[PDB]
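To keep things clear, I will list the structure first and then write my remarks on it.
In this analysis, Cβ positions are derived from the backbone assuming ideal geometry, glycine residues included, and neighbour counts consider all displayed protein chains. Just so it is clear, none of the values below were taken in a lab; they were calculated from the coordinates.
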Amino acid sequence: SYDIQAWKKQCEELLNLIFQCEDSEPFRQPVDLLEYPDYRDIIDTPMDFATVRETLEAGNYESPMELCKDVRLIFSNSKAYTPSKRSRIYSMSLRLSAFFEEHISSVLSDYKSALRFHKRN
Ligand SMILES: CC1(C)CO[C@@H](CNC(=O)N2CCN(C(=O)c3cccc(O)c3)CC2)CO1
């Protein structure tokens with residue numbers, strides 16, 4: 001497909017699948033802080049899947065690369081705060097990241113192909 005706009009609904013559907021994954025439970029809403037009062041002493045830019053979905057629906061992503069950067073930020077934040085590899089949260093982040101990356105690859109490739117087609121002549 002050379003549809004330049006198709007990534008948005010593809011990302012909406014992928015976020016729906018991520019919300020149905022039990023493994024997204026730790027990452028659905030902005031970090032509390034009452035449970036992690038030193039979170040901002042480690043994490044510069046909090047990110048969660050609800051914030052990514054609201055940013056998409058507001059029309060405040062221009063490309064799927066920008067959405068992908070924020071989703072990758074969720075997993076880097078979780079790694080930056082994980083006190084060890086043998087943490088349930090860390091194992092949840094790795095599985096959900098693998099699922100995300102498996103599904104976002106086509107969405108990025110199709111978008112970049114469509115833009116190249118748009119500027120072909
Ligand atoms: C001592 C405690 C209270 C520690 O917390 C429980 C296990 N969970 C974590 O350690 N997390 C830190 C890592 N996370 C995040 O960076 C994150 C990312 C996006 C949104 C979001 O809301 C958090 C998730 C939660 C177990 O008991």
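Of the residues that sit in segment 44-53 and are part of a loop (DSSP other than H, G, I, E, B) and either closer than 26 Å to residue 7 by Cβ or under 13 Å from the mean Cα position of the chain (by Cα) (or both), which one is nearest to the ligand (Cβ to nearest atom)?
Ranking the qualifying residues of segment 44-53, first place goes to 48.
Among the residues that make up segment 88-102, is at least one of them part of a helix (DSSP H, G or I), away from the ligand (no atom under 15 Å from the Cβ), in contact (Cβ under 8 Å) with a residue 24 or more places away in the chain and out of contact with any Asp or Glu (no Cβ under 6 Å at 6 or more places or on another chain)? Don't jump to the end; show me each part of the working.
Going through segment 88-102, the residues part of a helix (DSSP H, G or I) turn out to be 88-102.
Cutting the leftovers down to away from the ligand (no atom under 15 Å from the Cβ) gives us 98-99, 101-102.
Still in the running and in contact (Cβ under 8 Å) with a residue 24 or more places away in the chain: 99.
Cutting the leftovers down to out of contact with any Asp or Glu (no Cβ under 6 Å at 6 or more places or on another chain) gives us 99.
Looking through segment 88-102, at least one residue is part of a helix (DSSP H, G or I), away from the ligand (no atom under 15 Å from the Cβ), in contact (Cβ under 8 Å) with a residue 24 or more places away in the chain and out of contact with any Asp or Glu (no Cβ under 6 Å at 6 or more places or on another chain).
Select, from 81, 61, the only residue that is away from the ligand (no atom under 11 Å from the Cβ) and over 21 Å from residue 21 (Cα atoms). Steps first, please.
Values: 81 fails: away from the ligand (no atom under 11 Å from the Cβ).
One residue alone meets the criteria, 61.
Tell me, please, whether a residue that is among the aliphatic types (A, V, I, L, M) and either under 13 Å from the mean Cα position of the chain (by Cα) or not in a loop (DSSP other than H, G, I, E, B) (or both) can be found in segment 24-43.
Within segment 24-43, not a single residue is among the aliphatic types (A, V, I, L, M) and either under 13 Å from the mean Cα position of the chain (by Cα) or not in a loop (DSSP other than H, G, I, E, B) (or both).
When you look at residue 73, is it under 14 Å from residue 27 (Cβ atoms), touching an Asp or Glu at 6+ places or on another chain (Cβ under 9 Å) and either loosely packed, with under 14 Cβ neighbours inside 10 Å or not hydroxyl-bearing (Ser, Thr, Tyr) (or both), yes or no?
For residue 73, the condition - under 14 Å from residue 27 (Cβ atoms), touching an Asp or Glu at 6+ places or on another chain (Cβ under 9 Å) and either loosely packed, with under 14 Cβ neighbours inside 10 Å or not hydroxyl-bearing (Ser, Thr, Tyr) (or both) - is not met.
Does residue 56 count as assigned to a helix (DSSP H, G or I), in contact (Cβ under 8 Å) with a residue 40 or more places away in the chain, touching a helix residue (DSSP H, G or I) at 6+ places or on another chain (Cβ under 8 Å) and more than 18 Å from residue 97 (Cβ to Cβ)?
On the way: assigned to a helix (DSSP H, G or I): yes; in contact (Cβ under 8 Å) with a residue 40 or more places away in the chain: yes; touching a helix residue (DSSP H, G or I) at 6+ places or on another chain (Cβ under 8 Å): yes; more than 18 Å from residue 97 (Cβ to Cβ): yes.
In short, yes.
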